[PDB]
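The structure under discussion appears below in the form of structure tokens.
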Amino acid sequence: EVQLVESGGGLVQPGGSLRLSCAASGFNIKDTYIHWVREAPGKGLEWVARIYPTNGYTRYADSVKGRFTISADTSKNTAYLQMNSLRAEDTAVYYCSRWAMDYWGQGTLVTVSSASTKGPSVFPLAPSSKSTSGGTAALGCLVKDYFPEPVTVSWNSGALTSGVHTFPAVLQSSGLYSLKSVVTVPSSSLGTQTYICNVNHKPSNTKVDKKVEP
Amino acid sequence: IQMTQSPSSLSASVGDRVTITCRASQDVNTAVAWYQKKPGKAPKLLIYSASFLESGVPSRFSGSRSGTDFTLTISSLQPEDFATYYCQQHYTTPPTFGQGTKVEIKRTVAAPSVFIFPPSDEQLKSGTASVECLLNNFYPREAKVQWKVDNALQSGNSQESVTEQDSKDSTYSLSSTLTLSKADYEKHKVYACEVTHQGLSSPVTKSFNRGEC
Numbered sequence: 001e002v003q004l005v006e007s008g009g010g011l012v013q014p015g016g017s018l019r020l021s022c023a024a025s026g027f028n029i030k031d032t033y034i035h036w037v038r039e040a041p042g043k044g045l046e047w048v049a050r051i052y053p054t055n056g057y058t059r060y061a062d063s064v065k066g067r068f069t070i071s072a073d074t075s076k077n078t079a080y081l082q083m084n085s086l087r088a089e090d091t092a093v094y095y096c097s098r099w106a107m108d109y110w111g112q113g114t115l116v117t118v119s120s121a122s123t124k125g126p127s128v129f130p131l132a133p134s135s136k137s138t139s140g141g142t143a144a145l146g147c148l149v150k151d152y153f154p155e156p157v158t159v160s161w162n163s164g165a166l167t168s169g170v171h172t173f174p175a176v177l178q179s180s181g182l183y184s185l186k187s188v189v190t191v192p193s194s195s196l197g198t199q200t201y202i203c204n205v206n207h208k209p210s211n212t213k214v215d216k217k218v219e220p
Numbered sequence: 002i003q004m005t006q007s008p009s010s011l012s013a014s015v016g017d018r019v020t021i022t023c024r025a026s027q028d029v030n031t032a033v034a035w036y037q038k039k040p041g042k043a044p045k046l047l048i049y050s051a052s053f054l055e056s057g058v059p060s061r062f063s064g065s066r067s068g069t070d071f072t073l074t075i076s077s078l079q080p081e082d083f084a085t086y087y088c089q090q091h092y093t094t095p096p097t098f099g100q101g102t103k104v105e106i107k108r109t110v111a112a113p114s115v116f117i118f119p120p121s122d123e124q125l126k127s128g129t130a131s132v133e134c135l136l137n138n139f140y141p142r143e144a145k146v147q148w149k150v151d152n153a154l155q156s157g158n159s160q161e162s163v164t165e166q167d168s169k170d171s172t173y174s175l176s177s178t179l180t181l182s183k184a185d186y187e188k189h190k191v192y193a194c195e196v197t198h199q200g201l202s203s204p205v206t207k208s209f210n211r212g213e214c
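And the structure:
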């Protein structure tokens with residue numbers, strides 16, 4: 001079974017450096033080309049670089065030439081992307097792949119920004135007092151003012167999954183993200199069941215459980 | 002060498018024949034591949050060298066070449082086939098990708114259920130006010146939210162986002178925030194979300210009175 005696993009992504013300042021790794025399993029990178037390909041928000045897929053690990057020959061996209069270096073260590077069956085002079089435009093999910107490109111890794115997120123990490127505030131969206139009796143009610147959580155993405159949300163520590171919608175984050179004018187997670191439940195349950203949204207913002211090590219009460 | 006992919010999206014039903022095209026800006030011989038991509042997932046190779054089926058890929062997938070034009074066909078669309086598809090030329094360096102084609106599932110019209118939420122006392126205490134509107138489980142995707150404050154139409158101060166198609170009923174949901182300073186929020190009484198959608202015989206409005214339990 002062929003596998004490729006990327007690591008090393010994270011949040012870095014413009015002008016900074018970051019090294020990604022691509023660990024290969026189930027084949028030897030000596031036998032192939034290894035590529036990096038990235039996906040920036042709304043820019044589709046863009047090839048970044050390639051290497052032939054046997055002789056170390058490399059090729060680069062014009063937009064990264066000079067300031068990125070792709071390399072490989074055949075004795076570790078691992079390839080690398082050294083990224084320097086980073087720009088906001090470099091913010092993307094970075095994938096490695098091999099030679106058509108028949109196998110790809112899961113990707114690693116690189117965010118290039120001068121903004122600091124900030125954990126969210128979490129506020130309840132309380133079910134309406136005019137909820138239709140015996141019908142359907144909606145409630146939710148507002149996960150506000152965090153940076154960078156991503157955040158995850160569950161309900162009742164994962165026990166509640168039906169009727170849950172967790173929305174794409176929106177970027178506010180402040181440069182901070184805001185997102186909503188909602189769930190629809192029966193109206194007859196509002197006075198008898200507890201609803202708690204579990205918010206995790208790993209980039210800031212923030213975990214918040216917020217009870218949403220009628 | 003650029004790859005011009007059309008359409009950007011299409012909706013189809015299980016069993017349909019689907020056609021996605023890609024035009025290379027120059028000759029690329031048969032050096033074209035097609036990929037499938039699902040959200041949060043790695044791209045998957047479908048077709049290599051224009052027409053060859055990648056091992057393990059279902060027989061319903063095929064590729065064709067006519068000159069500079071490349072065609073991906075799905076003979077009978079299956080439930081697991083709903084995803085985004087990309088063409089790629091690798092005739093020269095750099096290899097380049099089309100902008101992708103998002104394949105979504107057609108279903109019946111469903112009206113949204115609409116809900117409105119005041120800012121929480123907690124957020125107000127912190128000094129800001131987010132007014133929330135939810136449009137739940139509707140189809141098709143096209144929908145319009147109109148915010149009104151004391152019956153005055155709002156524009157410019159809201160942001161919305163939409164989920165991908167639900168894995169069980171194939172609907173969309175939409176979430177909209179009207180953002181106001183606490184000071185401005187408290188200058189007005191009635192907050193309303195008015196929703197227009199094909200499933201609704203006439204627009205639906207949900208509203209609240211500021212301060213009412």
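Residue numbers (PDB author numbering), protein chains in the order written: chain B, 1 to 99, 106 to 220; chain A, 2 to 214. Ideal Cβ placement from N, Cα and C applies to all residues, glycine included.
By DSSP's assignment, B:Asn204 forms a beta bridge with B:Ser160 and B:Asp215. The alpha-carbon of A:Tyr192 is positioned some 16 angstroms away from that of A:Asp122. The CB of A:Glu55 comes closer than 8 angstroms to the CB of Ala106 and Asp108 in chain B, given here in chain order. With respect to chain B, the C-beta atom of A:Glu105 has no partner C-beta closer than 8 angstroms. Taking a contact as a CB-CB distance under 8 angstroms, the pair A:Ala51 and A:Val33 counts as one, their CB atoms being some 5 angstroms apart. With a minimum length of 4 residues, the unbroken runs of alpha helix (DSSP H) contained wholly in the stretch 154 to 188 of chain A fall at 183 to 186. By the C-beta criterion, the stretch 178 to 193 of chain A is judged to be in contact with the stretch 107 to 126 of chain A, since at least 3 inter-stretch pairs fall below 8 angstroms.
Remark: C-beta atoms of B:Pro130 and B:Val191 do not approach each other more closely than 8 angstroms. When DSSP states are grouped into helix, strand and coil, B:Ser184 belongs to the strand group. When Cβ pairs closer than 8 angstroms are counted between the two stretches, the stretch 24 to 31 of chain A is seen to touch the stretch 2 to 12 of chain A, the count reaching three or more.
For B:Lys150, the enclosing beta strand (DSSP E) begins and ends at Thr142 to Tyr152. By the 16-neighbour rule on beta-carbons within 10 angstroms, B:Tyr152 is buried.
Unbroken beta strand (DSSP E) runs of no fewer than 3 residues, entirely contained in the stretch 71 to 98 of chain B, are found at 78 to 83 and 92 to 98, following chain order.
Contact of A:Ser65 with chain B by beta-carbon distance below 9 angstroms is absent, the smallest such distance being about 16 angstroms. Of the residues A:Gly57, A:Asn210 and A:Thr197, the one whose Cα lies closest to the Cα of A:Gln147 is A:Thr197.
Contact with chain A is found for B:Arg59, since one of that chain's Cβ atoms lies less than 8 angstroms from the residue's Cβ. Contact note: A:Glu123 reaches chain B through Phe129 and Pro130, using a C-beta cutoff of 8 angstroms and chain order. Within chain A, no residue has its CB atom less than 7 angstroms from the CB of B:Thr200, the nearest being about 17 angstroms off. When the five nearest sequence neighbours on each side are left out, the beta carbons in the same chain lying within less than 8 angstroms of the beta carbon of A:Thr97 are those of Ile2, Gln3, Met4, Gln89 and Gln90, in order along the chain. Look at B:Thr142: its C-beta is under 8 angstroms from a C-beta on chain A.
Residue state for A:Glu195 is assigned as strand, using DSSP reduced to three classes. Of the candidates A:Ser203, A:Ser202, A:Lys103 and A:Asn138, the residue whose Cα lies closest to the Cα of A:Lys39 is A:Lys103.
When the five nearest sequence neighbours on each side are left out, the beta carbons in the same chain lying within less than 8 angstroms of the beta carbon of A:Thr31 are those of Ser50, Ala51, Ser52 and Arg66, in order along the chain. Counting only runs of 3 or more residues that sit fully inside the stretch 86 to 111 of chain A, the beta strand (DSSP E) segments are 102 to 106, in chain order.
Between the stretch 62 to 81 of chain B and the stretch 121 to 140 of chain B there are fewer than three C-beta pairs closer than 8 angstroms, too few to call the two in contact. For B:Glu6, the pairing in a beta bridge is given by DSSP as B:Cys22. B:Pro192 carries a strand assignment under DSSP once its states are collapsed to helix, strand and coil. Nearest CB-CB separation between A:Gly101 and chain B: below the 8 angstroms threshold.
When secondary structure is reduced to three states using DSSP, B:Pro130 falls in the strand class.
Apart from sequence neighbours up to five positions away, the residues of its chain that approach B:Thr142 with a beta-carbon distance below 7 angstroms are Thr190, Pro192 and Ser193, ordered along the chain. Short of 6 angstroms from the beta carbon of B:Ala24, and not among the five residues preceding or following it, lie these beta carbons of its own chain, in chain order: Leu4 and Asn77. With contacts defined as CB atoms closer than 8 angstroms, B:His35 and B:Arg50 qualify as a contacting pair.
About 5 angstroms separates the beta carbon of A:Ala43 from that of B:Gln112, a gap short enough to meet the 8 angstroms contact definition. Contact between B:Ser187 and B:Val170 holds: CB atoms are separated by about 7 angstroms, below the 8 angstroms threshold.
Residue contact with chain A for B:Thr190: present (Cβ-Cβ distance below 8 angstroms to some residue of chain A). With the rule of 3 Cβ pairs closer than 8 angstroms, the stretch 133 to 141 of chain A counts as touching the stretch 196 to 210 of chain A.
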